[PDB]
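One structure is given here, and the rest of the page talks about it.
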There are 2 protein chains.
Amino acid sequence: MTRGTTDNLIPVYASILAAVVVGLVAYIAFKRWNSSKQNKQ
Amino acid sequence: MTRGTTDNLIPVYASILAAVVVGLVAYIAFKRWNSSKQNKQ
C-alpha cells in the first residue's frame, strides 16, 4: 500500500468513528428515554 | 481491493453516512435543547 507517513488517516478513521459511536449511543439513548423509562445508569 | 461487482458498497456508504449525519444532528440538536432555549421550529 502507498499512503502518507502519518496524521493522514489517523484523524480520518478517528473522526468517522466518533460520529458513528455518538450517533449510535445518542440515537438509541434518546430513543429509550423517550419511553419515559427511568433506570440506574 | 476486491469487492463485488455492484450493490456491495452502495449500502455500505449509505449506512455509514446515516450514522454520521445522525450523530452530528442528534448530538448538536440534543445539545441545543439542553439549554432550554425555545424557538419557532
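If you check B:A18, B:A14, which single one turns out to be of a type in the set (G, A, S) and in contact with a helix residue (DSSP H, G or I) (Cβ under 9 Å, 6 or more places away or on another chain)?
Details: B:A14 fails: in contact with a helix residue (DSSP H, G or I) (Cβ under 9 Å, 6 or more places away or on another chain).
After ruling out the rest, the residue left standing is B:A18.
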Fill in: Of all residues in the range A:1-34 being surrounded by 11 or more Cβ atoms within 10 Å (Cβ to Cβ) and among the small types (G, A, S), the one that is farthest from B:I16 (Cα to Cα)
A:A29
Worksheet item: Restricting the search to the range B:26-41, which residues are closer than 14 Å to A:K31 by Cα and among the aliphatic types (A, V, I, L, M)?
Response: B:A26, B:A29
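In the range A:9-32, is there at least one residue being among the polar types (S, T, N, Q), free of Cβ contacts under 8 Å to residues at least 12 places away in the same chain and more than 10 Å from chain B (Cβ to nearest Cβ)?
No: zero hits.
Since every read-out is calculated from the coordinates, none of them should be taken as a lab result. In this analysis, Cβ positions are derived from the backbone assuming ideal geometry, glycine residues included, and neighbour counts consider all displayed protein chains.
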